[PDB]
Every structure is written in C-alpha cells, then in structure tokens.
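Take a look at the structure below.
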Amino acid sequence: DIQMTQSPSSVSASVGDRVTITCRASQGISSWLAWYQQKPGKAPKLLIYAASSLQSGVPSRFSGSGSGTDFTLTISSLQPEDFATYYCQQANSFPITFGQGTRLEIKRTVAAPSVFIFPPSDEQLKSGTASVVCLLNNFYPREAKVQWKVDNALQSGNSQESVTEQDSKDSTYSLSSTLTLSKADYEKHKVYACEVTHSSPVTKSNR
Amino acid sequence: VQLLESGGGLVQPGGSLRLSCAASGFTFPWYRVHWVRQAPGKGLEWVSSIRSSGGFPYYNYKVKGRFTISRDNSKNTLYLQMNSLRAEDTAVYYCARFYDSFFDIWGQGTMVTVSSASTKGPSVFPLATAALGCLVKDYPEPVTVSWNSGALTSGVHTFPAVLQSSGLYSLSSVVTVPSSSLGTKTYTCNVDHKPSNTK
Amino acid sequence: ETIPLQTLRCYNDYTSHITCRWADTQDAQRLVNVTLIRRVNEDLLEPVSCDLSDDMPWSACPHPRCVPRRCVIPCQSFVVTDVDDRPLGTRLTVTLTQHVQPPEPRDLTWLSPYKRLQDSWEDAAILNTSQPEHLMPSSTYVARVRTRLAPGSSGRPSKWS
Amino acid sequence: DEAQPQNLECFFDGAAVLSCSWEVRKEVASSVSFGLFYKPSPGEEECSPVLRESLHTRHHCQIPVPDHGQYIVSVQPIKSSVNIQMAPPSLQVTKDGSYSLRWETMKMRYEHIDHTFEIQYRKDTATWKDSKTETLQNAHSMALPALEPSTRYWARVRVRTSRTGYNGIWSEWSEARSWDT
Ligand SMILES: *[C@@H]1O[C@H](CO)[C@@H](O)[C@H](O)[C@H]1NC(C)=O
Ligand SMILES: *[C@@H]1O[C@H](CO)[C@@H](O)[C@H](O)[C@H]1NC(C)=O
Numbered sequence: 001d002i003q004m005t006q007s008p009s010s011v012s013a014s015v016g017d018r019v020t021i022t023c024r025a026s027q028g029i030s031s032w033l034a035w036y037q038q039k040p041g042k043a044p045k046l047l048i049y050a051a052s053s054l055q056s057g058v059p060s061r062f063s064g065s066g067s068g069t070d071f072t073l074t075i076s077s078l079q080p081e082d083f084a085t086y087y088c089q090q091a092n093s094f095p096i097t098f099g100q101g102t103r104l105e106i107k108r109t110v111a112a113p114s115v116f117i118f119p120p121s122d123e124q125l126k127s128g129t130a131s132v133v134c135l136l137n138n139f140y141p142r143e144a145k146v147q148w149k150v151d152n153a154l155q156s157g158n159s160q161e162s163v164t165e166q167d168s169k170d171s172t173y174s175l176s177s178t179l180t181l182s183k184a185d186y187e188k189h190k191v192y193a194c195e196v197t198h202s203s204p205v206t207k208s210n211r
Numbered sequence: 002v003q004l005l006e007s008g009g010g011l012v013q014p015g016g017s018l019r020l021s022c023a024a025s026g027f028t029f030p031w032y033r034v035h036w037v038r039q040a041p042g043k044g045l046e047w048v049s050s051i052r053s054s055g056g057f058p059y060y061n062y063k064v065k066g067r068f069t070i071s072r073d074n075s076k077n078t079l080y081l082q083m084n085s086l087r088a089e090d091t092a093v094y095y096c097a098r099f100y101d102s103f104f105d106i107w108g109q110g111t112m113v114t115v116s117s118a119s120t121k122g123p124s125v126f127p128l129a139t140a141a142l143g144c145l146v147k148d149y151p152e153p154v155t156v157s158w159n160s161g162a163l164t165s166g167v168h169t170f171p172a173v174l175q176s177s178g179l180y181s182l183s184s185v186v187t188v189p190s191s192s193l194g195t196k197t198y199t200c201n202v203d204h205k206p207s208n209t210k
Numbered sequence: 026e027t028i029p030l031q032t033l034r035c036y037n038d039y040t041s042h043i044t045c046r047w048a049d050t051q052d053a054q055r056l057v058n059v060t061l062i063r064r065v066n067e068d069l070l071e072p073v074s075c076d077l078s079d080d081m082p083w084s085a086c087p088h089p090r091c092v093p094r095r096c097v098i099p100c101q102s103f104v105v106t107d108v109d116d117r118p119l120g121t122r123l124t125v126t127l128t129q130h131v132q133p134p135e136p137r138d150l151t152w164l165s166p175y176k177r178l179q180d181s182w183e184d185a186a187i188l191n192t193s194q199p200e201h202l203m204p205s206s207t208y209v210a211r212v213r214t215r216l217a218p219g220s223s224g225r226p227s228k229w230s
Numbered sequence: 241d242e243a244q245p246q247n248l249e250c251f252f253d254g255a256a257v258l259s260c261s262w263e264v265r266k267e268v269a270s271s272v273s274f275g276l277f278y279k280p281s282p285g286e287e288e289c290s291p292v293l294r295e299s300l301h302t303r304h305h306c307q308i309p310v311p312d316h317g318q319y320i321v322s323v324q325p332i333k334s335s336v337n338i339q340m341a342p343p344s345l346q347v348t349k350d351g353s354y355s356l357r358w359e360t361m362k363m364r365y366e367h368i369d370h371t372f373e374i375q376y377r378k379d380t381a382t383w384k385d386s387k388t389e390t391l392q393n394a395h396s397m398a399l400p401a402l403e404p405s406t407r408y409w410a411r412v413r414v415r416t417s418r419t420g421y422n423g424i425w426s427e428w429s430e431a432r433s434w435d436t
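Residue numbers (the entry's author numbering), protein chains in the order written: chain L, 1 to 198, 202 to 208, 210 to 211; chain H, 2 to 129, 139 to 149, 151 to 210; chain A, 26 to 109, 116 to 138, 150 to 152, 164 to 166, 175 to 188, 191 to 194, 199 to 220, 223 to 230; chain B, 241 to 282, 285 to 295, 299 to 312, 316 to 325, 332 to 351, 353 to 436.
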C-alpha cells in the first residue's frame, strides 16, 4: 500500500567511478528506510541502514543520504566486486515493501573470447536425440550474436543461449549458445559450425 | 551466527506445504523475524511477520485468505503454513531477522516451485590452452554441480538454468585446462540434486 | 473528546516496558468507574491491572477533582513500526411507521407522500388542505399552526411556526 | 447507579432521513464517548457526526433511511518510536587528583541508538534557571575544568533519544550530586 520506487532502472559504469541511486516513496518516511545489495543466488546483504549509516563489515566508499522521501545512495569510488542488484527497504510503516530492484554493470575494456565447440555423446544419442554446444569465455561486452551454419544452413531452429553473471575480479562474461537435434537428423549432415560477432567474424568446427 | 531454514518443494496447485525455520547461536532475548519472497529471476516481494506472543499477523494482497504465520518463541522456531497455492507464489522464500527498522540476519531460503509434474532423472553428458565441460538435461529447480568436489575453483565458469521447448531445465558447466594437462588429471563433475535424489 | 483519552499519554524505554498514566474525574467515579483497554488484535482484547498515584506530570485538565493512575505493562519486543464498570445499555424496537414526525409547514398562506395578540395561548381557538366570527376587528391575532398526521392513517405533530 | 442515558427518542422525517436523540448526564459523558448503533434488520452501523448541547446533555443525530421495517437501535461507546522517555541515569562524581563526571544508563539492546545527554553543574548560591547547560552526543563520562578552590557545587544530568526517526520526552533528572574541594 506504500509505493516504493527506485531509479535509475539500470546503470553501467567503469571502475573507480562515482555512482548514484535514488529511492522515491509515495508517502512520508522521515528517515525510516534502508539499502540492500544482492549478488545473484546468494542472499541479500545489508548495505546501508537508517538511510544514512553503513553497516559493520562494509567499506566507507558507500554513502547513504536523504530524508522525507527524496533519498539517495552514492558511491564515491567503484571496485569490480561491486557487481550486484540493489534494493530499497521501507520501514516507516506497514505494509513493508521494497524498490523495483536496480541492477548495475561494469564498463569493462573490450575483451575478445577464445571460442570452443564440443560434441554430443553416444549414450546421449543412444537414449534418443542429441545436442551440440558452443561458448565464449572471458569476454566483454555481452552484445554478440551467434549463427550456427551446419552444412552452410542457418539453424533457424532450436537454439538456447543462456548467459552467466559477470566475474568478481575479472569483470567479464561467458555465454552458452547451445543447439540440438535428433539422432537421425544428426547423421542427416556431417558439417557443423558456428558464427561470432565482434578480424571480427570467427567460426569453429565434420564427422 | 547464521540462521537456517527448511521445508518446501515441488507441489501441485491448491495443495499445502509447511515451512520450518531455525535460529542459531545468537543472543536472542528476544528479536522479531520476518519472511520475505524472491520470485525466480525477478524482484523482491514481502509476505508476512508475526510478533513475540503470536499477537499481530500481517499479510499482503493474495496472502490474505491463504497463508498463516505462527509464533514459537519456545525453541526458537518461526514456522509458516499456506493452504491454497498457485503459480503466483512459484518462488523461493527467504527468512530474515528484523533488527528494528531493517533486516540483518539472513537465511539461504528454500525454493517452492508450485507445479503439477514429476521429475525424471537427468543424464550428465560430457564435452570434449584447452577446455572441458559437463552438461545436463531434464533438470524442478535447483541443480548444483561440483567440479572435482571443490578442487577446481579457478578457471571454472558455470551457467544458470535454462528451460527447454517441451520442456524441462538443461543446465551447463564448463572448465578451462591447458593442452599440457590433457591426460594428467581426472576432471569430472560431481553433481547433486535433491528433488531428483540423484548424486 | 473525553478526559481519559485526553489525559492519557504513554511513553516507553523501548526495551522492557510501557508506562502509561491517565486520570478520571471524581464526579464520574460516583456514577461509574472506567478501566484502560489494551487491544492485542482484531478479535481479542486484553485488560490491564492499574493503580492510583499522587501526581500527574504528563497531561493536564481544568477540572476540580481528578484521580491520576500509573499503569505499567511489560514487553519483550520493540521496533519503529509498532503502533498500539459493569454492563450498561438500552434497546428499543422502533418501527418507522409508528415513529414518524413530519416536517414543519412552510410558506391562509400555508413512496410519497389561533388567538388574539393580547390573548394568551392558554385556551386559544382551535382549527384538511393547506389553505369576524373568529376575531373582533381592529385586533391583532398571531398565526400558529403546524402539520400533524391524520388519525385515520402514526407518531407526533410537526414543529410550531 | 443510574448514570445511563434516558429518553432514547427517534422520529422519521417522512422522506429518507430518520433522526434520533437522547439525554445523558454531563458528568458520565465526560468520561465516556457514546454513539448510536442502528440495525435496519434483525449489519449494524453508526451515525456521524452527532450533535451536542446544564446537569444533563442532549445528543441528537440524523440517520439516512432509504427504505426495512423493524429497526434495532442502541447506544454504545500510540507510536512507540516517537513516544520514548528513557529512564534516569545513574550518576557519580570523581576527581583525578581535576574533576571528571561519570554516569551510566540502561543498556539499549539496539546499541546503535545515539544518546543525547544534557548536563548542568551549579554553584550552590545560584539558580538552575541560570546554570551551565552543556550538551553531549553520546558518552558516559565528561571532564570538568578547574573551579573556585573552596566553594560548594552541585551537578545534574538528563538523557534524551533526540534522534531523527525517533521522538519523545526527556528523562527525569538524576538525584543531584554535590562537591566542594
Ligand atoms: C468507583 O470506584 C471507586 C474506587 O474504586 C469507588 O470508591 C466507588 O465507590 C466506585 N463506584 C461504584 C458505583 O462502585
Ligand atoms: C375535511 O373537510 C371536508 C370539507 O372541506 C369534509 O367534507 C370532510 O368530511 C373533512 N374530513 C375530516 C376528516 O374532517
């Protein structure tokens, strides 16, 4: 019943930079709110409490501020392990609610991947159908498309490109554009390859 | 000094499911604890909070006429119970202390993937300065993989879940290794998944 | 606003207890005594044991006789977002048909739906629609008529005009 | 015995508004607020706002009645954070050689709460109205300066949770402490 909304919705920025985020509440707050950080999978950690004080076990590069409803969170200097999603914490009154959930990124200097390809399995093929993979590790940015040219044919079909979260110290991504096909359709051809974005275009591979 | 929780899993719609939490080794005379919710790959949603003598129950929207908080200051055991359940709640549940105006003590939580379906066991398939990996298929969440039982921590970069066409989850995890190590050591992924009771 | 809720002002140490104090007037005590009510939730309320006191440092009132008290209630939890004689009564079965008092007639200029000026009303002259033998000329006479219900139709008559 | 109200009298205007009224002693009504409950069938709701007008007091109200039949009529009757009054502190007086004042407070289980202490020392031949009023943001000891080497002086302290999100009244003063030379 209390509208809590944080802005911006997303903010990428290089290392050693000044950063800012803001909470906006529908009603008054006086000073009852807090600031949470959340790395994916792991549990949320308390970043800043009482809207202007840092919790024990947290560096002083972070800074909280605000009163009434126009609140803030500024970071005076950024490090590569500061990659996470940030959330607001109501406290003035019930029902207690949170911010929309802001997520930041890191302006990493452009990195190139060392591409790989791996085969299916005989037990897998024996069970029924089969799958073929393709990934790009230690790279940046995520903006990179893929094209599987099996027998020079665009596999405008069954793809499945999942992506990981950025590294702690490395600050680099890793994507997995997987493909798949039946045991009969797999022997329907012999050549199997892929494409890459950002020389610039690159491929990899028939049996 | 870290509280933990248990209970909850895959279940068809409508059916109930108990949630059992537990504090641990604090000086707790005597603070309050809330439940909060994490929807899969989504924002954070609040749910409830009892108090001391089971005095004030608080819910929110859907939860009203569904879930029920309960106090247990006896042996330090905040429990939760919900009867009617649908895929609005297909989420994981975090237990969290409420130190005055903010939370501080947090739990790992548990997934409560409401849905009417079973779980066929996966079939781990391998993948052959080089690399090597481990793939799976037909993964109810979650599934956890361990490369060489916690030995390979450096150079490893796993991937998150990915639902298929039909379709169930198909995770993936990979590792780097030089051509020099091609035949020197046994790189194998030991996998674990509670709902499929595999190992 | 009544005096108990006007004199009551609860403060606390925010850790162990809550110390409330209020007052009731001596004039009411002879009539009926009052007790402080503390609610636990929507369905269940709970009483609290209280006692008298000699002073009253938190609230005030321009009354002559007051009975200040000191109620202490304990607690093992405190957070920002926290907010907190004998049976009397009377009933009556009132049908709206028999308890009907129609409106006062407005501007003889008179689902749904008399006496002289000097003379008194003590025994004035009596009086179906809203419209010499009654008065001697050169003598004023006030107009006093109201709208009452027909007996062959219950309640009471209108206000006088 | 009979502080109860009498003459519960009601009448319908003959349109869509019933109106009722009752008398009650001015002494009993000063301690208890009352309201008129009505039941359009044998829901229960109350009228508002009710009017009021020597020893007795007449209250009247006009209830909208859009229709119904037999009616059931009757007459029937704090934030913790912003209301804090901490307990008084335990005050002692010490002098190294120089005089240093010391006091203690009840442990707040939320230790992070900043404590605002107001202190004052007095010359026995003066008023507290005009006395040194030093402030302190959190502490449990204060060093005093030098003074007249033969005069008698008093000392007093009070605490407040003068925070931001919080509020409330100050704590009662401590039992005054005295010294000389
Ligand atoms: C009301 O309480 C006071 C104090 O207990 C008592 O003196 C007085 O007689 C009581 N009144 C009645 C009507 O019982
Ligand atoms: C009302 O007055 C009319 C004449 O104007 C008369 O015929 C009728 O009987 C009167 N009715 C009553 C009830 O007096």
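Where is the CB? At the ideal position from N, CA and C, for every residue including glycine.
### Message
Please tell me whether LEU47/L and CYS88/L are closer than 8 Å, where the distance is taken between their beta carbons.
### Response
Inclusion of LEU47/L and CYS88/L in the CB contact set at 8 Å is not warranted, their separation being larger than that value.
### Task
Report all residues for which the CB-ligand distance to some heavy atom of ligand 1 is below 5 Å; order them along the chain.
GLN54/A, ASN58/A
#### Entry: Residue range of the beta strand (DSSP E) that includes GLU89/H
No beta strand (DSSP E) holds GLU89/H; DSSP gives it neither H nor E.
### Query
Three or more beta-carbon pairs under 8 Å between the segment 63-70 of chain L and the segment 38-53 of chain L, yes or no?
Taking 8 Å as the limit for Cβ pairs, the verdict is that the segment 38-53 of chain L does touch the segment 63-70 of chain L.
### Query
Under a three-way DSSP split, which group does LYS145/L fall into?
Note: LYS145/L maps to coil in three-state DSSP.
### Task
Kindly indicate which three-state DSSP category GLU26/A falls into: helix, strand or coil?
coil
### Task
Name the two residues that bound the continuous beta strand (DSSP E) containing residue 285/L.
Outside the shown range of chain L (1 to 211) lies residue 285/L, about which nothing can therefore be said.
#### Entry: Closer than 7 Å at the beta carbon, the chain L residues around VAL105/A
Correct list: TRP32, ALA91.
### Task
Tell me, please, whether the CB atom of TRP47/H is closer than 8 Å to any CB atom in chain A?
no
### Message
I want to verify the contact list: residues of chain B whose CB lies under 7 Å from the CB of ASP101/H, in sequence order.
### Response
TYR365
### Task
Assign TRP35/L to one of three DSSP states: helix, strand, or coil.
strand
### Query
Excluding five sequence neighbours on each side, which residues of the same chain lie with their C-beta closer than 6 Å to the C-beta of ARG67/H?
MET83, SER85
### Query
Between the segment 159-172 of chain L and the segment 105-115 of chain L, are three or more C-beta pairs nearer than 8 Å?
Per the Cβ contact rule, the segment 159-172 of chain L is in contact with the segment 105-115 of chain L (3 or more Cβ pairs under 8 Å).
### Query
Just to confirm, does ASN247/B get its C-beta within under 7 Å of one of the non-hydrogen atoms of ligand 4?
Of the ligands this structure carries, namely ligand 1 and ligand 2, none is ligand 4.
### Query
Can we say the segment 187-202 of chain H touches the segment 58-71 of chain A, given the rule of at least three CB pairs closer than 8 Å?
Counting Cβ pairs under 8 Å, fewer than three are found: no touch.
### Query
If we count Cβ pairs, one from each stretch, closer than 8 Å, do we get three or more for the segment 73-87 of chain L versus the segment 112-119 of chain L?
no
### Task
Anything in chain L within Cβ reach of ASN61/H, meaning under 7 Å, just list it in chain order.
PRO95
### Query
Can you name the residues of chain A whose CB is closer than 7 Å to the CB of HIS395/B?
Neighbours of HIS395/B on chain A: none; closest Cβ ~17 Å, over 7 Å.
### Query
Nearest to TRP31/H by alpha carbon, out of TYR62/H, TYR59/H, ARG72/H?
Nearest of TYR62/H, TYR59/H, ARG72/H to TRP31/H, Cα basis: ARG72/H.
### Minimum C-alpha distance to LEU73/L - residue among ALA91/L, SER53/L, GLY57/L
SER53/L
### Query
So what's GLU152/H in DSSP terms, helix, strand or just coil?
If DSSP states are grouped into helix, strand and coil, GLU152/H belongs with coil.
### Task
Within 10 angstroms of the Cβ of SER176/L, are there 16 or more other Cβ atoms? Answer buried if so, exposed if not.
buried
### Query
Is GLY64/L close to chain H, meaning its C-beta is less than 8 Å from at least one C-beta of that chain?
It does not; no Cβ of chain H falls within 8 Å.
### Contact list for the segment 116-131 of chain L against chain H, Cβ threshold 8 Å
Contacts with chain H (Cβ-Cβ distance below 8 Å) from the segment 116-131 of chain L involve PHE116, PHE118, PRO119, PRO120, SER121, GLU123, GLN124, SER127, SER131, listed in chain order.
### Query
What is the DSSP secondary structure of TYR186/L, counted as helix, strand or coil?
Helix.
### Task
Compare the C-beta of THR416/B with all C-beta atoms of chain L and state if any pair is closer than 8 Å.
For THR416/B, no Cβ of chain L is located within less than 8 Å of the residue's own Cβ.
### Query
Which runs of the alpha helix (DSSP H) spanning at least 4 residues fall entirely within the segment 40-64 of chain A, listed in chain order?
51-56
### Task
Would you mind telling me which residues of chain A sit closer than 7 Å to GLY56/H, beta carbon to beta carbon, in chain order?
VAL65, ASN66
### Message
Comparing C-alpha positions only, which one of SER53/H, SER102/H, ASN77/H, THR114/H sits nearest to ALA23/H?
### Response
Closest in alpha carbon position to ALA23/H, among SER53/H, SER102/H, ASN77/H, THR114/H, is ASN77/H.
### Task
Alpha carbon to alpha carbon, how far is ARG364/B from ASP379/B? Give it in angstroms, no decimals.
38 Å
#### Entry: beta strand (DSSP E) segment containing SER63/L, residue limits
62-67
### Query
Using CA coordinates, which residue listed in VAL34/H, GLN39/H, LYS43/H, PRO123/H is at the minimum distance from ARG52/H?
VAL34/H
### Query
Between the segment 401-426 of chain B and chain L, which residues of the former have a C-beta closer than 8 Å to a C-beta of the latter?
Under the 8 Å Cβ criterion, the segment 401-426 of chain B contributes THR419, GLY420.
### Query
Using the beta-carbon count (16 or more within 10 Å), is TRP152/A buried or exposed?
exposed
### Task
Counting only the same chain and skipping the five closest in sequence on each side, list residues whose C-beta sits under 8 Å from that of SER227/A.
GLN132, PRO133, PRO134, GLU135, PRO136, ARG213, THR214, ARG215
### Query
Taking 8 Å as the CB-CB cut-off, is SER102/A touching chain H?
yes
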